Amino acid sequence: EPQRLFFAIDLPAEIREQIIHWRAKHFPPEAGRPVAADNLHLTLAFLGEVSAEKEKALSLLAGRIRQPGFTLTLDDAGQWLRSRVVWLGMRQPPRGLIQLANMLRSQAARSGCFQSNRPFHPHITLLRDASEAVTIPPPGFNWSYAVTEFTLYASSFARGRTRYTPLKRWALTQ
């Protein structure tokens, strides 16, 4: 049974709450469609439609990953007009995050998944279908936290909402 799958880093609740609070303050309803608080995340690699056999194999390669934890500090925000999103990010992403993503991306490639075709730009999407350009303030203060694991999610749309179901999790620092 095929699924739309992706690996992602998650956000502690305290920070998810600070973000949606910041967003509501600086972005009115007309600015775009706001991502649900529980759906806020940072994608490491989008795998697309994947069979069970390939999910198994990918899940195993991910299990072979051996990488220390690292810290994320969200100091950057912006807007991609072509994609029509407003995103949260980082000016200088930690190497550990880049390592983790490229490795997962290379495992996806060798597994026969369809690649980004674009460089990896780590980001958390806040607003979707934000067509028109709007002024982007800096993020809030001290949105910094420790990354202890990564998660394989399944993407599902149902009942007029997008849902992310966790399938498996992997701790870092082994």
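Residue positions are given as counts along the sequence shown, with the first one as 1. Only the largest set of C-alpha atoms that superpose within 1.5 Å between the two forms is called the rigid core.
Asker: Comparing against the shown form in 6 other deposited structures of this protein, which stretch has the larger RMS C-alpha deviation after a rigid core superposition, 18-26 or 155-163?
Answerer: This comes out as 155-163, the stretch further from the shown form in 6 other deposited structures of this protein.
Asker: Looking at the other compared entries that model residues on both sides of it, is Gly112 unmodelled in at least a third of them?
Answerer: Result for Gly112: often missing, at least a third of the compared entries.
Asker: Hey, which bit's got the bigger mean C-alpha B factor in the entry, 148-156 or 21-29?
Answerer: Mean CA B-factor is higher for 21-29.
Asker: Taking only the CA atoms, which stretch has the higher mean B-factor in the record, 157-165 or 7-15?
Answerer: Result of the comparison: 157-165.
Asker: Among the choices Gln115, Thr125, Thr43, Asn142, identify the one whose CA B-factor in the record is greatest.
Answerer: Highest C-alpha B-factor among the listed options: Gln115.
Asker: Just grab whichever of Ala77, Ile98, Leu81, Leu72 has the top CA B-factor as deposited.
Answerer: In this record, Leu81 carries the highest C-alpha B-factor of the candidates.
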